[PDB]
Amino acid sequence: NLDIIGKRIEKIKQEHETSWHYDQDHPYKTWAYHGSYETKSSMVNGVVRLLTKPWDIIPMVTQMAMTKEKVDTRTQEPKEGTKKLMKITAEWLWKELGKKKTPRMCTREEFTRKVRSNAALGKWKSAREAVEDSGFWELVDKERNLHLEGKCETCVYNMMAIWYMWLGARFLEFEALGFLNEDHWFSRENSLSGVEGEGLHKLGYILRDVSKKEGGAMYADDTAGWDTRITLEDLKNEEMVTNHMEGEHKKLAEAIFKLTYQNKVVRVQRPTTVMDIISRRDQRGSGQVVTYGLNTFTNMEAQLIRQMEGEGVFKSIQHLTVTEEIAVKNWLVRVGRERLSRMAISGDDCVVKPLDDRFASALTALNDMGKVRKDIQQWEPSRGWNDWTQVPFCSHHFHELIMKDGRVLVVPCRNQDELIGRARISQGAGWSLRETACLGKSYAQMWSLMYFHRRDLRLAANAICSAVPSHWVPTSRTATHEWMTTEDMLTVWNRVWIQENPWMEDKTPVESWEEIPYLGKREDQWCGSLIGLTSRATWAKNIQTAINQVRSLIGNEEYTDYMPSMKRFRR
Ligand SMILES: CN(C[C@H]1CCOC1)c1ncncc1Cl
Ligand SMILES: [Zn+2]
Ligand SMILES: [Zn+2]
């Protein structure tokens with residue numbers, strides 16, 4: 001414990017020896033308190049807002065732009081029967097994920113490029129500058145050699161609930177564990193339940209394939225605060241990925257797991273403004289990308305065990321008999337792969353089509369692993385879905401949409417207020433008119449690619465692309481983002497929905513936007529369309545005037561009129 005975290009703790013004190021204090025009114029019960037010292041929002045995208053005027057009076061849109069507790073909780077230790085189930089399943093799952101993959105270290109050369117290309121990776125101002133400074137790498141080397149020693153000095157978390165770390169520590173995590181993401185361990189092809197790198201244009205088709213299997217309802221239970229419910233028992237089954245490694249990699253990964261994952265150290269600001277230094281062994285404390293993969297892994301494990309429980313593979317979680325152990329092992333070997341194919345899992349989010357509806361009341365292992373369901377009483381059976389087009393997954397639902405030529409699109413969808421409200425927000429300071437416009441164009445092209453079937457979004461997308469210089473490149477400060485390009489959007493649509501779509505047998509390209517269908521007028525309204533409203537009609541008829549207002553603000557640039565791509569706006 002204190003041997004592992006002390007050096008980190010001791011070092012911080014020294015740098016604040018003048019302002020150190022062991023305050024006795026510290027709000028922590030579950031976290032460990034060590035000492036303190038002295039220290040001390042969303043903007044609106046005007047391009048998108050000026051081109052979505054009817055939404056200026058919709059509170060669901062406008063409120064999205066205005067504006068820890070659950071981190072201080074503790075999950076009890078699972079029973080010995082649960083721990084056995086988890087260890088057997090995790091051992092078998094790492095082996096399956098490893099069959100066609102080789103663990104390997106990621107490199108400085110890999111890390112530098114990602115940073116020189118902008119990406120989330122929690123002396124030098126920007127991190128781009130540090131990656132160019134040898135001094136930094138001298139620091140990294142120092143820490144690396146310390147990790148090989150089984151010790152840690154500078155790998156400390158900063159709460160705000162995302163925990164940032166110094167770039168060097170992010171590198172050491174990426175060096176040891178980046179392979180999980182960089183080499184697509186949680187791809188569908190590889191992991192069977194996973195959907196990493198799939199894209200929102202494929203999730204619908206994947207849920208439809210799971211629906212084709214014989215079984216009961218589709219279950220999509222959320223977990224209440226998943227990250228907070230990760231047990232030390234979970235952080236150790238995740239560690240068993242090191243079993244598949246060798247050489248320096250195994251030691252570096254064992255150190256990431258041992259030191260920065262199974263014994264965290266965090267500096268939290270408390271206005272009461274001091275910087276508390278607290279610690280704890282459990283919960284999820286890693287980079288957002290390694291968090292995704294280890295969330296997917298532990299979720300896959302939990303859902304296979306809930307499936308085992310519904311099939312009566314084991315009678316009770318209190319203790320596993322020797323014959324039960326063998327029975328669990330034989331199940332995994334005989335049907336594990338089939339059972340993984342019955343699930344779509346994205347980090348803490350899942351959809352399971354079990355063998356039958358006994359799964360709905362198989363709750364003892366799930367509750368005892370601490371994966372308590374959100375908004376339903378602990379022992380109340382899960383509500384299942386009878387139609388794959390109603391199932392929630394990754395903040396979306398999916399429609400089946402028949403083109404005028406008979407070909408079948410499976411399209412992603414969500415409440416339109418949520419889509420418009422997110423596009424009206426830009427996170428960052430010092431944004432020029434030009435980069436605000438290019439962010440608006442990134443939303444517009446995403447809408448043309450993913451949400452073309454929504455009347456308001458195809459119209460607003462065409463208006464924004466008409467209002468922003470044709471050659472300005474779409475930007476995003478931080479899945480498959482095919483909308484991030486200056487290529488013609490009809491050409492990308494044909495590539496994503498027809499040519500590269502493995503569920504479309506006939507590869508006949510689409511020649512214009514009017515060949516591409518919409519949802520039913522009533523379905524469109526149900527998912528939040530303003531069609532029918534006087535406000536939306538004035539907006540559509542006078543769109544050229546809104547486009548011209550934004551063109552006048554940006555100035556005398558080369559624009560294209562994309563409005564005649566629609567039927568109505570043709571002369
Ligand atoms: C006004 N209507 C039809 C009515 C009847 C049911 O929905 C509203 C439109 N329908 C489709 N696209 C654009 C428009 Cl505005
Ligand atoms: Zn360290
Ligand atoms: Zn919908």
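Worth knowing before you read on, the calculation uses all heavy atoms, side chains too, and leaves out hydrogens, waters and symmetry mates. We're numbering straight along the sequence, starting at 1.
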Exercise for review: Measure the CG-CZ distance between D141 and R144 for me, rounded to the nearest 0.5 Å.
Suggested key: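 Between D141 CG and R144 CZ, I get 7.0 Å after rounding to 0.5 Å.
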
Practice item. Mind checking the OG-NZ spacing from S19 to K13? Nearest 0.5 Å is all I need. Key: 12.5 Å

Any donor and acceptor pair, going by atom type alone, linking the side chain of [X] with main-chain N or O of [Y] inside 3.5 Å?
X: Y157; Y: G285; value: yes
X: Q262; Y: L235; value: yes
X: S442; Y: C438; value: yes
X: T273; Y: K40; value: no
X: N299; Y: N295; value: no
X: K441; Y: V468; value: no
X: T485; Y: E487; value: yes
X: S42; Y: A65; value: yes
X: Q445; Y: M484; value: no
X: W226; Y: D349; value: no

Return yes if a side-chain donor-acceptor contact under 3.5 Å exists between [X] and [Y], otherwise no.
X: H16; Y: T39; result: no
X: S279; Y: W31; result: no
X: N145; Y: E149; result: no
X: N190; Y: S187; result: no
X: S36; Y: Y33; result: yes
X: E238; Y: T298; result: yes
X: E482; Y: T480; result: yes
X: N45; Y: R424; result: no
X: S126; Y: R128; result: no
X: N237; Y: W94; result: no
X: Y37; Y: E17; result: no

Closest non-hydrogen atom pair, [X] against [Y]:
X: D72; Y: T30; value: OD1-OG1, 2.5 Å
X: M159; Y: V266; value: N-CG1, 3.9 Å
X: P412; Y: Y451; value: O-CD2, 3.6 Å

Quick one: are [X] and [Y] in side-chain contact, heavy atoms under 4.5 Å?
X: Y28; Y: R270; value: yes
X: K95; Y: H244; value: yes
X: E246; Y: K250; value: no
X: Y559; Y: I554; value: yes
X: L203; Y: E198; value: yes
X: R8; Y: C152; value: yes
X: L180; Y: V289; value: no
X: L200; Y: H396; value: yes

So, [X] and [Y], do they make that salt bridge, N to O below 4.0 Å?
X: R104; Y: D183; value: yes
X: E254; Y: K258; value: no
X: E175; Y: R108; value: no
X: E15; Y: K11; value: yes
X: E129; Y: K125; value: yes
X: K142; Y: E138; value: no
X: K123; Y: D133; value: yes
X: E10; Y: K7; value: no
X: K371; Y: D234; value: yes

Check your understanding: Considering residues at least two apart in sequence or located in another chain, which fulfil the side-chain contact (heavy atoms from CB on, under 4.5 Å) criterion with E435?
Key ->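 With neighbours one apart ignored, the set is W431, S432, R477.
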
Practice item. Take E248 and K251 through the test salt bridge (charged side-chain N to carboxylate O under 4.0 Å, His left out) and record every step on the way to the result. Key: CA-CA 5 Å; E248 185 176 356; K251 300 305 172 178; over 6 Å; no

Practice item. For salt bridge (charged side-chain N to carboxylate O under 4.0 Å, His left out), just list the numbers for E182 and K114, CA-CA rounded to whole Å, side-chain angles, deciding distance to a tenth of an Å, and then say yes or no. Key: CA-CA 11 Å; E182 289 304 305; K114 305 178 61 60; 3.3 Å; yes

**Study point:** Verdict with supporting geometry, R229 and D227, salt bridge (charged side-chain N to carboxylate O under 4.0 Å, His left out)
**Key:** CA-CA 6 Å; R229 309 280 174 151; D227 298 320; over 6 Å; no

Suppose we call two aromatic rings close when their centres sit under 6.0 Å apart. Are [X] and [Y] close by that rule?
X: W447; Y: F452; answer: no
X: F297; Y: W185; answer: no
X: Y443; Y: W483; answer: no

Exercise for review: Please lay out, stage by stage, how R551 and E557 fare under the test salt bridge (charged side-chain N to carboxylate O under 4.0 Å, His left out).
Suggested key: CA-CA 8 Å; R551 286 177 169 171; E557 297 285 345; over 6 Å; no

